[PDB]
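If you read the sequence shown in the entry's author numbering, its first letter stands for residue 1, the second for the next number, and so on.
Even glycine gets a Cβ: it sits at the ideal position worked out from N, Cα and C.
Take a look at the structure below.
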Amino acid sequence: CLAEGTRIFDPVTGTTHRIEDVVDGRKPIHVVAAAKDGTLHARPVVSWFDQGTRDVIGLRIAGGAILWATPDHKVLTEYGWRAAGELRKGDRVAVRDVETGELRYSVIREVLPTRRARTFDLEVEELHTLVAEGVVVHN
Numbered sequence: 001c002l003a004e005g006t007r008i009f010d011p012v013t014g015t016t017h018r019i020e021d022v023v024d025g026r027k028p029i030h031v032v033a034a035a036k037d038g039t040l041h042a043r044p045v046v047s048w049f050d051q052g053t054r055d056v057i058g059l060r061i062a063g064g065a066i067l068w069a070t071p072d073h074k075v076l077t078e079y080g081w082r083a084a085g086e087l088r089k090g091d092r093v094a095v096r097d098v099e100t101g102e103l104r105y106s107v108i109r110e111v112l113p114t115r116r117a118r119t120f121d122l123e124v125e126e127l128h129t130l131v132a133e134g135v136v137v138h139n
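Structure, rendered in C-alpha cells:
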C-alpha cells in the first residue's frame with residue numbers, strides 16, 4: 001500500500017497526481033505499469049480502496065527521490081520482489097529516468113525508520129504494478 005504524499009505521474013494526462021487525491025475521489029485515470037520484460041506501459045485504474053492508517057517506511061534514493069510504503073509492500077529489486085521492511089542502505093532499486101524515459105538502476109541513500117500515516121490501494125488492469133515517486137513497485 002502507498003502512503004499519502006506519494007506522487008503519481010500519469011502517461012495519459014502527462015501531469016502529476018497525488019494518490020491521496022486520486023483514491024479519495026476514485027478518479028478514472030491512468031498510470032504507468034511494468035511487466036517482467038522491464039518495459040513500461042500505460043494502464044487504467046479500475047479499483048480504489050483506503051487501507052487505513054498503518055506503519056510505513058521511507059526509502060530515500062539518490063537525487064532526493066523518496067517513496068513511502070508499508071513494510072509488506074514489495075519493491076522491485078535486482079533479485080525480484082522483496083518486502084520493503086527488508087530494505088537496508090545498500091539495496092538497489094529500479095527508478096524511471098525522465099531523461100531517457102527508460103528504466104534505470106540506482107542505489108539507496110538512507111533508510112527512514114517506521115512512521116504512521118494513511119495508506120491507499122489501487123488495481124492496475126492486470127499488470128499489478130505502478131510507478132510511484134519515479135520508483136516502480138507493485139500496487
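In three-state terms, what does DSSP make of residue i?
{"i": "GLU110", "result": "strand"}
{"i": "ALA84", "result": "helix"}
{"i": "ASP72", "result": "coil"}
{"i": "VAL56", "result": "coil"}
{"i": "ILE19", "result": "helix"}
{"i": "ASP24", "result": "helix"}
{"i": "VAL12", "result": "coil"}
{"i": "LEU130", "result": "strand"}
{"i": "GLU102", "result": "coil"}
{"i": "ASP97", "result": "coil"}
Count the other CB atoms within 10 Å of the CB of residue i; is the residue buried (16 or more) or exposed (fewer)?
{"i": "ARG26", "result": "exposed"}
{"i": "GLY101", "result": "exposed"}
{"i": "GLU133", "result": "buried"}
{"i": "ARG92", "result": "exposed"}
{"i": "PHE120", "result": "buried"}
{"i": "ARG104", "result": "exposed"}
{"i": "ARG115", "result": "exposed"}
Please tell me whether residue i and residue j are closer than 7 Å, where the distance is taken between their beta carbons.
{"i": "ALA33", "j": "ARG18", "result": "no"}
{"i": "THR77", "j": "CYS1", "result": "no"}
{"i": "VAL75", "j": "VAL23", "result": "no"}
{"i": "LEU112", "j": "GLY58", "result": "yes"}
{"i": "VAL31", "j": "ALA117", "result": "no"}
{"i": "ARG7", "j": "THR16", "result": "yes"}
{"i": "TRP68", "j": "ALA3", "result": "yes"}
Given this structure, state the Cα-to-Cα distance separating residue i from residue j, to the nearest angstrom.
{"i": "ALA94", "j": "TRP81", "result": "11 Å"}
{"i": "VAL12", "j": "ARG88", "result": "34 Å"}
{"i": "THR39", "j": "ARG54", "result": "31 Å"}
{"i": "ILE66", "j": "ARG109", "result": "9 Å"}
{"i": "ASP37", "j": "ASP21", "result": "30 Å"}
{"i": "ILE61", "j": "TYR79", "result": "18 Å"}
{"i": "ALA35", "j": "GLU126", "result": "10 Å"}
{"i": "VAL107", "j": "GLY90", "result": "6 Å"}
Who are the Cβ neighbours of residue i in its own chain at under 6 Å, not counting the five residues just before and after it?
{"i": "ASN139", "result": "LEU122, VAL124, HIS128, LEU130"}
Apart from the five residues just before and just after residue i, which ones in its own chain have a Cβ nearer than 8 Å to its Cβ?
{"i": "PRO28", "result": "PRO44, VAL45"}
Within a Cβ cutoff of 7 Å, which residues of the same chain sit near residue i, ignoring the five residues on either side of it in sequence?
{"i": "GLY85", "result": "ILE57, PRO71"}
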